[PDB]
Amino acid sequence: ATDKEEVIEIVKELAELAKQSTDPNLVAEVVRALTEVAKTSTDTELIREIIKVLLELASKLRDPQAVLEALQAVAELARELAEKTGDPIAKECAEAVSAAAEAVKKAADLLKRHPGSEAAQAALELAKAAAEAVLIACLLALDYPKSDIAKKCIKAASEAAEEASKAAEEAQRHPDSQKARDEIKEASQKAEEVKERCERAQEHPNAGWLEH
């Protein structure tokens, strides 16, 4: 623990390095390593910050296995962070992430079985959009746990995760239904708007790449 900011700078190098690698084993190690630090740290703000790095990483990983691995880790640390801080939102975020990962896993599994089912393609898109909404909503929940914006965007993003799971259920039953495709796509647009509305609410640091 040379310094709280130092370790924070360390994980970012690991996070950025995780995105650059094209080998799945090395990425899984980065998650496990990032998960170990937070699992051993007694500094909630350090844990909180590490989760934020994991949220952004899941957004940028291009391997489905690595994404789910990132979402699982976020769920784990978020649940631990909620118990420590006794903060309910951290629990809410943890549940929403798990709901999001599950729908993604369900939809991706289905599409593999019916690669030509447009309704199945629509279901995966909804699960992806729902997941992104959860990621952005968790980021607000962690930064502004007291804000009502975070309360609303977590409730909506959580809602999108339940719909994403229901869409995968109907799609499996009716892989050949155009109506089911249209409904899922309609629900997908709503979830995408949630993500965009919540993203606009977050405040980023006025620190350009060149300054740091």
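Heads up: residue numbers just count along the shown sequence, starting at 1.
- Set 158-166 against 25-33 and average the Cα temperature factors; 25-33 ends up higher.
- According to the PDB record, 12-20 carries the higher mean C-alpha B-factor of the two stretches 12-20 and 190-198.
- Looking at 132, 125, 83, 76, the one whose CA carries the top B-factor in the deposited record is 83.
- When the modelled residues of the chain are ordered by C-alpha B-factor, residue 58 sits in the lowest third.
- In the PDB entry, residue 178 places in the lowest third of its chain by CA B-factor.
- In this PDB entry, residue 152 carries a Cα temperature factor that places it within the middle third of its chain's modelled residues.
- Among all modelled residues in its chain, residue 47 ranks in the highest third by Cα B-factor.
- In this PDB entry, residue 96 carries a Cα temperature factor that places it within the lowest third of its chain's modelled residues.
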